[PDB]
Each structure stands twice: as C-alpha cells, then as structure tokens.
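To begin, one chain is listed below as structure tokens, in the form deposited in one PDB entry.
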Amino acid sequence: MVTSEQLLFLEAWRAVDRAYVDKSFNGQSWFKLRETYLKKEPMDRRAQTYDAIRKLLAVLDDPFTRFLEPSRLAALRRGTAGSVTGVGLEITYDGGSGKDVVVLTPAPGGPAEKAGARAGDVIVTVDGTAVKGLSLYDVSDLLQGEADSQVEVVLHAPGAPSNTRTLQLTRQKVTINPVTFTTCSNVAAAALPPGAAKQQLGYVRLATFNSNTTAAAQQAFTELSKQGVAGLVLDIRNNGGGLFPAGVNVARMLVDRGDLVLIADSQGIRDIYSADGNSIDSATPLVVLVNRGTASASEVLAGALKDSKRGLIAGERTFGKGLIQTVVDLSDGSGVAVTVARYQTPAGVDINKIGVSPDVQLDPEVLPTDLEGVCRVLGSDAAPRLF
C-alpha cells in the first residue's frame, strides 16, 4: 500500500528510529506512532508530510530534535560568521520542559553583556515577538540583523519572571578572544597551592572553544610552564563550549594518560577520547574555575581534569549541557535535526543531567577576568583560597 509521502515520512521516523540518543523515545512507542501516523495523518502533499514529521518529532520533548525543510537545510549548511551581525549572545533551551530560550552565556565584551545580560537569563522577546517554543535558528534570526542596527530584547533573571529587563542593543560583529593569560606575582598565601615554592600563579582565561583556541592555549601553558609558576588557574567560567576537538586538545595539554571523555547513548558508550601522553604540564598544581555558565565542551574539559585528578574544580556547578545533535538528510533535500549522543565524564557522570560539581566549593565571582585585576585580587589579603 505505498506512497511517495509515506516513504518520506518513514525515512524521517527511521532516522530518528535509528539515531535518537534515547531509545525510550520520550516513553512513547516509536513503532506504534509510525502506525498511528501513517493511519491517521494526512500526507496528501509534501507539505502535509512535513507537518506530520514535525508532529511526530515533538512527542519526543527534545527541543534540539527538529525537522529541516530543504530551505533551512541550505540556509543552515555553513554561513553566519559573515556580513551577519548579532549582539554577543549565546542561546540555548531551558532545564526541564525547556520551552524557554536562555542566555547560555553572553559574549564577553559583547553588546549584550556590556548591557546587563548574564548567563542563565531568560529570553522573553526580541522586538516584541515572544520566543518560547521557538527554534534557536529562529531566535537567532530575530537577534540577527546588520551592522549598526539595533534590537530590543527583553530578558529576565532566572526564577524572577517578573524581574524584567529590556535591552536595546546595537548589532556588532563580536569576536571572542579564546584565551588570555598571565603570571601573577606576590600572590597571597591563601591562594597558593600547598607546597608552593614561589609566590606565583599562572592564570589562563579560556573563554571559548574555537579554531584558534588550541594554538592560543598551547601558548599559554607553554609560557607559563617556562615561568615555573607555582600553580595554574584555568578559568572557563561563562564558556559555552563550541569546538569539541579543541576541548580534547586542551585536555591533552594537561593530562598525560587516562580517558578524557566518553560518548554514549541509550545503549552505552559509543566513543572514547583519551590522553596521548603529550601533555605540556601534567605536574603543576591546577585549579579550574567554573560556574553555571560553563557548558558543553567546557564541561567535557572540566570532567576530564577532574576525573583524572589532574585538577581541582572550584566555583559553582556547571550548565548541564551534555547533548550532541546532528542533521540527517532526507532523500528530498530536507533534514532531521536529532540529538544522537551524550557526553560523560570518565567516571560515568552524565554531563547533561548533573553538570560538573566543584571539589572546592567557591564563591565563583571572586575573580575578575581582566589580567591586572585578576593578579590584584590574587595578591590581596582577601585572596581566594583557590586550592
């Protein structure tokens, strides 16, 4: 009893049937839905088939698992770093039923940031258009405009739905500097590891994972190692993640041996990344600063450092953003955006759920990120007890 529509619809259910990270399918029977859908859903034109697929998708309750019509799967292939400007915002969906779009993290030194926008903030409206239930690609499309434009954005601090802040922001192309680093001298007793033969700390700010990150980090650890600093301070607060291989890369710069990250699903581990025995410094004491703005590849890195005992985790519990998606192409040029995998720390911890918890519960905001500032605080009498 075959149709062109049914076939397409089945490709879409299959993709999912076969790739979805959770084989309990939001506790639905994926196979029975198939039946139900072929039976009760109108698939007389492709448009209708598209709708049924969409419907089908939503039962899952995974905002990252979405259908892509051929236009977006074009528009989406590569290209938005270009002549397209935004407001230094990095967005994602909320905690439980995350209908909500939140600021993952605001681009450091970005117009949104320099305006009061913080990690955890809920995005209420962009230009008057509510954003709940909306795609990220869609939301980005509202955020995006051109150079010199403006856009008003209304947020609210998490849990404070009334606590509403409106932000009129000026569109600017925002490059995030991957890394910053310095040596801090005359560091205060309280912030120095226990065995410190020298009142120096190497501080490294690692703000994002990108194409430049690896080279910039190699630089920092190299130089700092040379300086013979007493301890290391890796600050990955408010760092959304980004390039995963860059995360491994840095992890392999500090960890000489051991697993770093596990990639798993419903069914068990799919992949594993381990150290290569090539670190830069596997020996200087290291404290890693994190906060709730630490996500994804930055959390992978946190868990690697932690589970390896390479370093202490200081600050506050990270994002809990551990899902990996992908796009499965349909025969007619459309696509299915699906979560196919999840990150786990070497110890078996599920990133997505739990997040990476600190060893040294600290008051995360203690340190600034600007260099001068950072050393001062560290040289202060009130310096934080990092280790």
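Take the two forms, superpose them, and find the largest set of C-alpha atoms that agree within 1.5 Å; that set is the rigid core. So that there is no doubt, residue numbering starts at 1 and follows the sequence shown.
Peer 1: Give the stretch, out of 100-108 and 77-85, with the larger mean C-alpha temperature factor in the deposited entry.
Peer 2: Mean B over CA atoms: larger for 77-85.
Peer 1: Highest mean C-alpha temperature factor of the two stretches 110-118 and 271-279, which is it?
Peer 2: According to the entry, 110-118 carries the higher average C-alpha B-factor.
Peer 1: Which of these has the highest Cα B-factor in the record: 238, 296, 129, 183?
Peer 2: Answer for 238, 296, 129, 183: 129, with the highest C-alpha B-factor.
Peer 1: Sorting 210, 222, 291, 164 by Cα temperature factor from the record, which one lands on top?
Peer 2: If I rank 210, 222, 291, 164 by C-alpha B-factor, first place goes to 164.
Peer 1: Going by the CA temperature factor in the PDB record, which third of the chain does residue 227 belong to: lowest, middle or highest?
Peer 2: Within its chain, residue 227 is a middle-third residue by C-alpha B-factor, going by the deposited values.
Peer 1: Going by the recorded CA B-factors, say which third of the chain residue 386 sits in, lowest, middle or highest.
Peer 2: It falls in the top third of the chain.
Peer 1: Split into thirds by Cα B-factor across the chain's modelled residues, where does residue 372 land: lowest, middle or highest?
Peer 2: Middle third, going by the recorded CA B-factors of the chain.
Peer 1: Is the Cα B-factor recorded for residue 152 in the lowest, middle or highest third of its chain?
Peer 2: It belongs to the highest third of the chain when residues are ordered by C-alpha B-factor.
Peer 1: For residue 194, does the deposited CA B-factor place it in the lowest, middle or highest third of the chain?
Peer 2: Within its chain, residue 194 is a highest-third residue by C-alpha B-factor, going by the deposited values.
The same protein has a further form, the form deposited in another entry, not shown here; the description that follows concerns it.
Peer 1: Only one of 71, 218, 185, 149 shifts by 2 Å or more at CA between the shown form and the other one when the core is aligned; which is it?
Peer 2: Comparing both forms, the shifted residue turns out to be 71.
Peer 1: Could you check, with the core superposed, whether the Cα atom of residue 345 shifts 2 Å or more between the shown form and the other one?
Peer 2: No: residue 345 shifts by under 2 Å between the shown form and the other one.
Peer 1: Relative to the superposed rigid core, does the CA atom of residue 266 travel 2 Å or more between the shown form and the other one?
Peer 2: Shift of 2 Å or more: no.
Peer 1: After fitting the rigid core, is the C-alpha of residue 80 off by 2 Å or more between the shown form and the other one?
Peer 2: After core superposition, the C-alpha of residue 80 moves 2 Å or more between the shown form and the other one.
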